[PDB]
Ligand SMILES: *[C@H](CC(=O)CCC(=O)O)c1c(COP(=O)(O)O)cnc(C)c1O
Ligand SMILES: C=C(CCC(=O)O)/N=C/c1c(COP(=O)(O)O)cnc(C)c1O
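Protein chains in written order, with the deposited numbering: chain A, 19 to 439; chain B, 20 to 440.
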């Protein structure tokens, strides 16, 4: 027994309520109450402390695309952990360079910056874009602007809160970092107007807004936005932290528009949910503005995380998970539309790409939480966003049989909430 | 594993094969490195050729427990086979107990777990600001945070906005407002800054780390806390580098009997295995972070929690604070006896526990000569500010290893003085 096991045994926590109580007393209260206490995970399934099985339809908001506890990923983690886990980038090691080359070739970029979290990747991208704009575009000192979209989500740092339109994200956290211009998402005309400001350094966008509600933009949005940006020598920063890595049926969601972002951000399933590792990738003349001493991170690029990420990325390609997500996701949306539209009137839209799907409900006709509990009653764990946006984000490794099963279970949940209404 | 297979395929034999790989594919934000490490164990590391060295950087105090500590690796691997990530959107059977473990060890009501040191600082600033607005009722957006010249807390834009280090902030603006910078180890300056009633907090290190292992005068922190209480100003103490037995005490703040209003931990909190940081505080302060007002994908993940509890246990079981205290005092006593006077270009020998530095006069010697000589003699070290040599070995360094190392360190400075003549 490891220390955490022995300490927990000592607390005599028997019921879920015992754990909830432990949360309320000792854990910062920055998350809402949970409906379950998970003890183990494997592939697309998880089990609570009572042995009840569920299908995880949140998957770390697309951090567990390879499934919980993927054997190859866990073996890569353990083998590297017995050898070397951290050197700092102050010293070299035999893993960091190779892992970056691996990523540079898979994604087609000259330089890779490894950080730890999604927020750090975003911060790093904003720093690169501002320094690039001052040094290469020669914009006046402190005048750089970055354009982003309403309802964007990229992190919880002060700079991220300073660029959010979500009240709870920014309220009472100021004063704020200046230099952001917010525009409506999926609106090329608004981007075109904002790009008239010659001090713009970058346009930072999600190919499909994640936390914003699985907001899928109109056809051509990202391609059109890239051209407008290029026309003005503005960097297009594409946040693929939630949408990349096969989640949408393509290696990158940007691929749906044949867009190669000027700066790409990856995170989440980059590690298959095993350890926090994020990446910022770009061409040499952009990324090289980060000279020695101008940026750093204690754990960024550590060898354990590099080993893990290389194995996690290989699983995506070896298990053909992009093909899997495209095939299963189309079947998911087709089955939900066929059995739910018309029959369940309070469903507003069934949308998504690949296995990044959402069912937005009308909160003035139904209580969204009822859907969430019925889903749970039927063995489906999910967490909505914005209250009314139900999300279906299972691991991509979910088998044909398990996905058929889960699909039936999800439909059964929506119809039972209707029959009950 | 995939990282090992891919590396072999690349046919990287020499240290230069790796330096080149690293130059071509890795973002170039770190200076050239002198070595290619392939294995770590305890206080020792080996390069790709089998050459052995004593690691005297230890992740800048992230590896206090040593490289690849068997118990920590075992805890990692046991938990990784079970469950690594649920998000705080769902409960698990590890996070709560781990936070309780930490709350009792450090004596706080609430524990917020983040991933990196930078995230811990960002989170503490958000708390202090939201607390200032909600509890002190200061005017909206007027919150000020006092910090010290040469502080280091991270690389987010907000951290760059509060830095006085040129490379950290240059060309990264516009900057987050709301910071008042004062000299470090200057109670008079703090007392003056505290007359502003919009101040929410004073954010400080017990010993400035990246700033050069700057040890303040006796009573600094005790005096600073009294001044802050008098003004209902929170004292945020950053123990990410100083904490966890490094200075001979559980927290460096203990030296002054100061219990920080907000404490920050990171680095050795995980024994350098995975990134996990913590922000701890009393209920009436931490509870301002209501549901939806702060978050993080990986923060509080169960794998990191399991690792942290084992890492923290190692500190106590192995009496690493006693070890650091004893060997530290010996290291400084030995260097001062053998080097002061004899080596005129040594400005000062300072530190607490095993957080020690030798500042050299860079106009009288090339500090890099000292670094390469140390390396030639089996000691890997990385200075800060060019001229501050740093000696920060894992606290698990044995009596013999430390005697041998000290001898080798003393020997290097003497060879450099010999050469000057
Ligand atoms: C992550 C979004 C989330 O799923 C947040 C969930 C939570 O519990 O906080 C995300 C980020 C931020 O990455 P982290 O800092 O959380 O690693 C950035 N960009 C996108 C598109 C995200 O989805
Ligand atoms: C060692 C470093 C930086 C090393 C590097 O970026 O290579 N300092 C980290 C640090 C930090 C930042 O932690 P990080 O974000 O690197 O985890 C915060 N506070 C204190 C007192 C610290 O010493």
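Note that CB positions come from ideal geometry on N, CA and C, so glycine has one too.
Its chain contains 91, 95, 326 as the residues whose beta carbon lies nearer than 7 Å to that of residue 292 of chain B, once the 5 sequence neighbours on both sides are disregarded; these appear in chain order.
Contact between residue 231 of chain A and residue 77 of chain A is absent: CB atoms are separated by about 17 Å, not below the 8 Å threshold. Not one heavy atom of ligand 1 lies closer than 7 Å to the C-beta of residue 364 of chain B. Every beta strand (DSSP E) stretch that sits fully inside the stretch 97-184 of chain A and reaches 3 residues is listed by chain position as 129-133, 163-167.
Within chain B, no residue has its beta carbon less than 8 Å from that of residue 394 of chain A; the closest one is some 10 Å off.
Counting every other CB atom within 10 Å of its CB across the protein chains shown gives residue 156 of chain A a total below 16, marking it as exposed. Using a Cβ distance threshold of 8 Å, residue 412 of chain B and residue 74 of chain B count as a contacting pair.
The CB of residue 73 of chain A never comes closer than 7 Å to any CB in chain B; the least such distance is about 13 Å. Annotation: residue 299 of chain A to residue 252 of chain A spans about 16 Å, alpha carbon to alpha carbon. A direct Cα-to-Cα measurement between residue 163 of chain B and residue 176 of chain B gives close to 17 Å.
Per DSSP, residue 224 of chain B lies in no alpha helix (DSSP H) segment and is marked neither H nor E.
Relative to residue 180 of chain A, the option among B:193, B:170, B:188 whose CA is nearest is B:193. Taking 7 Å as the Cβ-Cβ cut-off, the stretch 114-127 of chain B approaches chain A at 114, 115, 116, 117, 118, 119, 120, 122, given in chain order. A Cβ-Cβ contact shorter than 8 Å links residue 79 of chain A with residue 106 of chain B. Residue burial annotation: residue 48 of chain B is buried, with at least 16 other C-beta atoms found within 10 angstroms of its C-beta. Less than 8 Å separates the beta-carbon of residue 116 of chain A from that of residue 26 of chain B. For residue 239 of chain A, there is no enclosing beta strand (DSSP E); the enclosing alpha helix (DSSP H) covers residues 239-249. Judged by DSSP in its simplified three-state form, residue 297 of chain B adopts strand. A distance criterion of 7 Å places the beta-carbon of residue 103 of chain A beyond contact range of ligand 2, judged by its closest non-hydrogen atom.
In the DSSP assignment, no residue is bridged to residue 217 of chain A.
At least 8 Å separates the CB of residue 410 of chain B from every CB of chain A.
In this structure, residue 226 of chain A has its CB at a distance of at least 7 Å from all heavy atoms of ligand 1.
Within chain B, the residues 48, 174 have their CB atoms less than 7 Å from the CB of residue 313 of chain A, given in chain order. Of all residues in the stretch 180-210 of chain A, only 180, 186, 187, 189, 190, 191, 192, 193, 194, 195, 196, 197 place a beta-carbon less than 8 Å from a beta-carbon of chain B.
It is roughly 43 Å from the alpha-carbon of residue 168 of chain B to the alpha-carbon of residue 272 of chain A. Interface annotation, residue 310 of chain B: in contact with chain A, CB-CB separation under 8 Å.
A check of alpha carbon separations from residue 219 of chain A across A:148, A:307, A:154, A:359 identifies A:148 as the nearest. Looking at the DSSP output, residue 408 of chain A bridges to A:377.
When DSSP states are grouped into helix, strand and coil, residue 286 of chain B belongs to the helix group. Listed in chain order, the non-local C-beta contacts of residue 359 of chain A below 8 Å within the same chain comprise 365, 368, local neighbours out to five positions each way being set aside. Three or more Cβ pairs closer than 8 Å define a contact, and the stretch 246-265 of chain A falls short of that threshold against the stretch 196-203 of chain A. Along the stretch 26-37 of chain A, going in chain order, the ones with a CB nearer than 8 Å to a CB of chain B are 26, 29, 31, 34, 37. The stretch 308-315 of chain A makes no contact with the stretch 277-289 of chain A; the number of CB pairs closer than 8 Å stays below 3.
Under the three-state reduction of DSSP, residue 352 of chain B is assigned to helix. Residue 289 of chain A is not a Cβ neighbour of residue 136 of chain A, given a cutoff of 8 Å.
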